[PDB]
Amino acid sequence: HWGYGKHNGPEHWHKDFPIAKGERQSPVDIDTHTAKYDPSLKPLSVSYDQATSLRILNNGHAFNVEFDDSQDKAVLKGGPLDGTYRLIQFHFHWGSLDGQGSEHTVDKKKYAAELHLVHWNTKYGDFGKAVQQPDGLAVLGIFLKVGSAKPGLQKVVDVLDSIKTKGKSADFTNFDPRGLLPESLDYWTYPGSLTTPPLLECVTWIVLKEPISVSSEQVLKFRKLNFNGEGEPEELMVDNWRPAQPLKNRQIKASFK
Ligand SMILES: [Zn+2]
């Protein structure tokens with residue numbers, strides 16, 4: 001019964017998921033004064049022109065926008081990656097207040113939210129086999145700050161009322177994830193983990209330097225979602241982030257000077 005509440009939050013996850021105290025856990029703090037430029041990194045290739053979104057689901061921890069991943073339609077390549085990684089879903093983590101909500105931090109700065117675009121390595125055939133491999137997933141992480149509205153986010157905002165409670169889903173076709181990207185694709189990269197149970201150490205993280213801006217009204221609608229199911233006492237879906245974990249024997253590399 002893991003979650004983000006008073007008695008089941010991140011500090012308790014290790015009792016059911018001992019890898020929570022592992023060597024390659026995520027998120028981490030990104031220290032911009034020790035991350036080193038790596039000239040061997042190749043430019044990032046984000047290929048989302050043929051993406052096919054299907055559905056949006058409130059899973060009781062966040063909401064997922066799900067894609068058709070049965071063909072190479074929306075893929076991530078280049079950067080630190082070898083091979084081709086297929087987009088399966090995106091989701092967000094956010095706060096109760098604008099000064100918290102991100103999972104990664106930058107020189108200890110917390111952003112209001114963080115977007116995760118989750119991709120799996122096609123050499124492993126399916127997502128469930130990929131998560132068992134150290135190079136199975138690639139997650140593109142994008143910070144959100146509160147300021148101007150993000151036009152490309154509004155179709156997500158407007159469907160949230162239909163998926164207020166745990167277990168609800170809605171059709172969500174023809175959504176273009178390119179409208180969630182910042183101008184620059186400059187990034188930091190390091191090896192890590194899923195940030196929710198089962199916390200598997202299968203992810204190459206690619207965290208963009210440039211945040212996107214969303215409006216106060218857009219974030220306020222995120223904060224009206226519920227962790228609970230229909231007909232249960234209301235528990236607002238806020239503060240669904242894991243804090244920074246020890247870097248241990250890892251280096252964060254920068255794509256940019
Ligand atoms: Zn996430």
# chains A, B, ... in the order shown; residues from 1 in each chain; ligands from 1
>>> residues_near_ligand(ligand="ligand 1", cutoff="10 Å", atoms="only C-alpha atoms and all ligand atoms", output="list in words")
residues 26, 27, 61, 62, 64, 90, 91, 92, 93, 102, 103, 114, 115, 116, 117, 118, 139, 140, 141, 194, 195, 196, 240, 241 and 242 of chain A
>>> residues_around(residues="residue 226 (chain A)", least_positions_apart="4", cutoff="6 Å", atoms="only C-alpha atoms", output="list in words")
residues 164, 165, 235, 236 and 237 of chain A
>>> write_last_selection(atoms="N, CA, C and O atoms", output="PDB file, in the first residue's frame")
ATOM      1  N   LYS A 164     -11.027  11.894 -12.339  1.00  0.00           N
ATOM      2  CA  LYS A 164     -10.692  12.503 -11.053  1.00  0.00           C
ATOM      3  C   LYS A 164     -10.126  11.496 -10.055  1.00  0.00           C
ATOM      4  O   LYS A 164      -9.250  11.816  -9.246  1.00  0.00           O
ATOM      5  N   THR A 165     -10.681  10.267 -10.050  1.00  0.00           N
ATOM      6  CA  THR A 165     -10.409   9.268  -9.027  1.00  0.00           C
ATOM      7  C   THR A 165      -9.680   8.035  -9.597  1.00  0.00           C
ATOM      8  O   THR A 165      -9.723   7.723 -10.791  1.00  0.00           O
ATOM      9  N   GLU A 235      -8.869  12.579  -0.954  1.00  0.00           N
ATOM     10  CA  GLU A 235      -7.454  12.812  -0.683  1.00  0.00           C
ATOM     11  C   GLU A 235      -6.840  13.433  -1.932  1.00  0.00           C
ATOM     12  O   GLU A 235      -6.698  12.769  -2.939  1.00  0.00           O
ATOM     13  N   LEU A 236      -6.516  14.727  -1.890  1.00  0.00           N
ATOM     14  CA  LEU A 236      -6.034  15.382  -3.100  1.00  0.00           C
ATOM     15  C   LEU A 236      -4.725  14.773  -3.578  1.00  0.00           C
ATOM     16  O   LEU A 236      -3.811  14.514  -2.766  1.00  0.00           O
ATOM     17  N   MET A 237      -4.587  14.563  -4.881  1.00  0.00           N
ATOM     18  CA  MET A 237      -3.345  14.080  -5.519  1.00  0.00           C
ATOM     19  C   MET A 237      -2.385  15.260  -5.687  1.00  0.00           C
ATOM     20  O   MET A 237      -2.418  16.001  -6.667  1.00  0.00           O
TER      21      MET A 237
END
>>> residues_around(residues="residue 248 (chain A)", least_positions_apart="5", cutoff="12 Å", atoms="only C-alpha atoms", output="number ranges by chain")
A: 21-26, 28-29, 190-192
>>> closest_residue(among="A:204, A:249, A:96, A:154", to="residue 220 (chain A)", atoms="only C-alpha atoms")
A:96
>>> atom_distance(atom1="CA of residue 73 (chain A)", atom2="CA of residue 153 (chain A)")
20.8 Å
>>> select_by_dssp(residues="region 23-253 of chain A", states="alpha helix (DSSP H)", output="PyMOL selection string")
chain A and resi 127-130+154-159+216-222
>>> atom_distance(atom1="CA of residue 68 (chain A)", atom2="CA of residue 227 (chain A)")
25.9 Å
>>> closest_residue(among="A:97, A:159, A:202, A:30", to="residue 138 (chain A)", atoms="only C-alpha atoms")
A:202
>>> atom_distance(atom1="CA of residue 42 (chain A)", atom2="CA of residue 189 (chain A)")
11.8 Å
>>> residues_around(residues="residue 41 (chain A)", least_positions_apart="3", cutoff="8 Å", atoms="only C-alpha atoms", output="PyMOL selection string")
chain A and resi 38+79-80+255
>>> closest_atom_pairs(of="region 19-104 of chain A", to="region 126-134 of chain A", cutoff="10 Å", atoms="only C-alpha atoms", output="Markdown table")
| residue | atom | partner | partner_atom | distance |
| --- | --- | --- | --- | --- |
| A:69 | CA | A:126 | CA | 9.0 |
| A:70 | CA | A:126 | CA | 8.9 |
| A:86 | CA | A:127 | CA | 9.4 |
| A:88 | CA | A:127 | CA | 8.2 |
>>> select_by_dssp(residues="region 153-218 of chain A", states="strand (DSSP E or B)", output="list in words")
residues 169, 170, 171, 187, 188, 189, 190, 191, 192, 203, 204, 205, 206, 207, 208, 212, 213 and 214 of chain A
>>> closest_residue(among="A:252, A:247, A:113, A:181", to="residue 150 (chain A)", atoms="only C-alpha atoms")
A:181
>>> residues_around(residues="residue 216 (chain A)", least_positions_apart="5", cutoff="8 Å", atoms="only C-alpha atoms", output="list in words")
residues 146, 147 and 149 of chain A
>>> write_last_selection(atoms="N, CA, C and O atoms", output="compact mmCIF listing (two decimals), in the first residue's frame")
# COMPACT_ATOMS: atom_id res chain seq x y z
N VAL A 146 6.07 27.67 -12.82
CA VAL A 146 4.81 28.40 -12.96
C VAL A 146 5.07 29.80 -13.50
O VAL A 146 5.85 30.57 -12.95
N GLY A 147 4.43 30.12 -14.63
CA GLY A 147 4.56 31.43 -15.28
C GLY A 147 3.49 31.53 -16.36
O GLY A 147 2.31 31.44 -16.05
N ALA A 149 1.16 30.19 -19.49
CA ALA A 149 0.55 28.95 -19.86
C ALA A 149 1.36 28.22 -20.94
O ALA A 149 1.99 28.82 -21.81
>>> closest_residue(among="A:32, A:40, A:121, A:59", to="residue 75 (chain A)", atoms="only C-alpha atoms")
A:121
>>> residues_around(residues="residue 44 (chain A)", least_positions_apart="5", cutoff="9 Å", atoms="only C-alpha atoms", output="JSON, numbers by chain")
{"A": [76, 77, 78, 79, 80, 81, 185, 186, 187]}
>>> write_last_selection(atoms="N, CA and C atoms", output="JSON list (two decimals), in the first residue's frame")
[["chain", "number", "residue", "atom", "x", "y", "z"],
["A", 76, "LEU", "N", 12.99, 7.70, -29.26],
["A", 76, "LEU", "CA", 14.13, 8.44, -28.76],
["A", 76, "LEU", "C", 15.40, 7.68, -29.15],
["A", 77, "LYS", "N", 16.37, 8.41, -29.70],
["A", 77, "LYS", "CA", 17.68, 7.82, -30.07],
["A", 77, "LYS", "C", 18.75, 8.88, -29.88],
["A", 78, "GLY", "N", 20.00, 8.47, -30.06],
["A", 78, "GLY", "CA", 21.12, 9.41, -29.93],
["A", 78, "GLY", "C", 21.41, 9.78, -28.50],
["A", 79, "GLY", "N", 22.05, 10.95, -28.32],
["A", 79, "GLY", "CA", 22.39, 11.31, -26.97],
["A", 79, "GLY", "C", 23.39, 10.30, -26.40],
["A", 80, "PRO", "N", 23.10, 9.82, -25.18],
["A", 80, "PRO", "CA", 23.90, 8.76, -24.58],
["A", 80, "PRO", "C", 23.51, 7.36, -25.03],
["A", 81, "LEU", "N", 22.46, 7.24, -25.83],
["A", 81, "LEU", "CA", 21.81, 5.96, -26.06],
["A", 81, "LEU", "C", 22.42, 5.19, -27.24],
["A", 185, "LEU", "N", 17.33, 21.26, -26.53],
["A", 185, "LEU", "CA", 17.46, 19.86, -26.10],
["A", 185, "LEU", "C", 18.74, 19.59, -25.37],
["A", 186, "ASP", "N", 19.48, 20.53, -24.89],
["A", 186, "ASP", "CA", 20.64, 20.44, -24.02],
["A", 186, "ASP", "C", 20.20, 19.66, -22.76],
["A", 187, "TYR", "N", 21.07, 18.74, -22.32],
["A", 187, "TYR", "CA", 20.67, 17.84, -21.24],
["A", 187, "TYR", "C", 21.85, 17.43, -20.36]]
>>> closest_residue(among="A:230, A:63, A:198, A:223", to="residue 94 (chain A)", atoms="only C-alpha atoms")
A:223
